[PDB]
């Protein structure tokens, strides 16, 4: 009757251990569409110079995103796309910059809620996927004395669970730049719950595939059931890294998110 098409500024947020680099295919696809894209490295991830043992909470880990949202021009708003654990980064950011966030898009991601603790969906993912195969674990003591568990994701788990259907060049790239990470799960468990005013009010779009071999269909569906997203988009096929295995599709869904919310 009247059709709308919008260009948007997407801020792409990687999961722990990874960096801005998993978005190297989705970032140009979105830009071919005319969108402005920002792909940030979070603390101690990608080529960020900090090491994980200096980070003391998932909030400290999210600093590159909050500084960037802090820096945004007045009246400029963004769509934050977060993969896997970055749903926690979108929740931490929306309770500070609700003002600047047009929509949060969860891409095979943790979908936090306001009702339960911040660690809640982490707990449920681990119930659902408890064996991380050849992942190695380590600990350090943080600034207030918490023991923080870090991990180096195993290469079979990378191969088979996260990068199941990705190109050899993509899987090899992952092995070349992957770093330690931390869920900071015990510190998230002591954290205040996300607020309804910030996080609770953000538009929320859930993209997922039932072919994901680490965020399994029964965890994903549980998340949608536990905290109804404003929109759900299921991508047929692909694997956990839909921004590599379904780059154009994810880009088209993101155009639709722009049209609706941006």
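Numbering follows the first chain given and starts at 1.
Colleague: For the higher mean C-alpha B factor in the entry, choose 194-202 or 47-55.
Modeller: Higher mean C-alpha B-factor: 194-202.
Colleague: Can you tell me whether 37-45 has a higher mean C-alpha B factor than 218-226 in this record, or the other way round?
Modeller: According to the PDB entry, the answer is 218-226.
Colleague: Highest Cα temperature factor in the entry, among the options 173, 115, 183, 80: which one is it?
Modeller: Of the candidates given, the C-alpha B-factor peaks at 115.
Colleague: How does residue 132 rank on Cα B-factor within its chain, lowest, middle or highest third?
Modeller: Top third by C-alpha B-factor.
Colleague: Would you mind ranking residue 72 by its C-alpha B-factor against the rest of the chain and naming the third, lowest, middle or highest?
Modeller: Ranked within chain, residue 72 CA B lands in the highest tercile.
Colleague: Give the position of residue 178 by CA B-factor within its chain, expressed as the lowest, middle or highest third.
Modeller: Lowest third - that is where residue 178 ends up once the chain's C-alpha B-factors are sorted.
Colleague: Give the position of residue 27 by CA B-factor within its chain, expressed as the lowest, middle or highest third.
Modeller: Middle third - that is where residue 27 ends up once the chain's C-alpha B-factors are sorted.
Colleague: Per the entry's values, where does residue 92 land by CA temperature factor relative to the rest of its chain, in the lowest, middle or highest third?
Modeller: As the PDB entry reports it, the C-alpha B-factor of residue 92 lands in the middle third of its chain.
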